[PDB]
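Working notes, beginning with the structure itself.
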Amino acid sequence: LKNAXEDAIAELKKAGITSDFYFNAXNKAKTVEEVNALXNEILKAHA
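For the sequence shown, the authors' numbering gives the first residue as 1, with consecutive numbering after it.
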(Lines of atoms letter the chains of each structure in order from A and count residues from 1; the text may use other names and numbers.)
(Lines give C-alpha, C1' and ligand atoms only; values in the text may rest on other atoms or scores of the structure.)
Protein backbone atom coordinates (compact mmCIF):
# COMPACT_ATOMS: atom_id res chain seq x y z
CA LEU A 1 0.00 0.00 0.00
CA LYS A 2 2.24 2.77 -1.31
CA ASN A 3 -0.39 4.35 -3.52
CA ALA A 4 -4.09 3.47 -3.41
CA UNK A 5 -3.03 3.43 -8.02
CA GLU A 6 -0.79 0.36 -8.47
CA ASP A 7 -1.87 -1.20 -5.16
CA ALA A 8 -5.56 -1.30 -6.12
CA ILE A 9 -4.70 -2.75 -9.52
CA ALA A 10 -2.53 -5.39 -7.85
CA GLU A 11 -5.12 -6.35 -5.22
CA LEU A 12 -7.98 -6.53 -7.71
CA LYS A 13 -5.89 -8.47 -10.22
CA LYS A 14 -4.96 -11.07 -7.60
CA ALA A 15 -8.60 -11.18 -6.52
CA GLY A 16 -9.81 -11.87 -10.05
CA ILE A 17 -12.38 -9.37 -11.28
CA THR A 18 -14.11 -11.07 -14.22
CA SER A 19 -11.31 -10.39 -16.69
CA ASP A 20 -10.28 -6.75 -17.06
CA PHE A 21 -13.01 -4.81 -15.24
CA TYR A 22 -10.51 -3.99 -12.50
CA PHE A 23 -8.26 -2.38 -15.12
CA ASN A 24 -11.13 -0.19 -16.31
CA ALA A 25 -12.06 0.61 -12.71
CA UNK A 26 -7.86 2.29 -13.62
CA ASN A 27 -9.14 5.19 -15.69
CA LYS A 28 -12.52 5.59 -13.96
CA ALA A 29 -11.15 6.18 -10.48
CA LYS A 30 -8.94 9.25 -10.08
CA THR A 31 -9.12 10.58 -6.52
CA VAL A 32 -8.18 8.29 -3.63
CA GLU A 33 -11.73 8.57 -2.24
CA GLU A 34 -13.07 7.07 -5.48
CA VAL A 35 -10.42 4.35 -5.48
CA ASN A 36 -11.34 3.36 -1.93
CA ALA A 37 -15.11 3.47 -2.50
CA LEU A 38 -15.30 2.11 -6.04
CA UNK A 39 -11.87 -0.67 -4.37
CA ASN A 40 -14.31 -1.69 -1.59
CA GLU A 41 -17.33 -1.83 -3.91
CA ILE A 42 -15.52 -4.23 -6.25
CA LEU A 43 -13.99 -6.38 -3.51
CA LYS A 44 -17.20 -6.65 -1.49
CA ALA A 45 -19.40 -7.31 -4.54
CA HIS A 46 -17.02 -10.08 -5.62
CA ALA A 47 -16.34 -11.45 -2.15
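Every residue, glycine too, gets a C-beta built ideally from N, C-alpha and C.
Cα-Cα separation between residue i and residue j, rounded to whole angstroms
i: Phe21; j: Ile9; result: 10 Å
i: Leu1; j: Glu11; result: 10 Å
i: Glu6; j: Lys30; result: 12 Å
Enclosing alpha helix (DSSP H) for residue i [first to last residue]
i: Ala25; result: 21 to 25
i: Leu1; result: First-last for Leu1: undefined, no H or E at that position.
Beta-carbon proximity list for residue i, same chain, < 7 Å, skipping 5 on both sides
i: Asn36; result: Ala4
i: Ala15; result: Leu43, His46
Chain-order list of residues whose beta-carbon lies under 8 Å from that of residue i (same chain, five-residue window excluded)
i: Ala25; result: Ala8, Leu12, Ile17, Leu38, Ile42
i: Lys28; result: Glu34, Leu38
Chain-order list of residues whose beta-carbon lies under 6 Å from that of residue i (same chain, five-residue window excluded)
i: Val32; result: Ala4
Residue-level contact to chain C via CB, residue i, 8 Å cutoff
i: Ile17; result: Within the model displayed, chain C is absent; a lone protein chain is all it includes.
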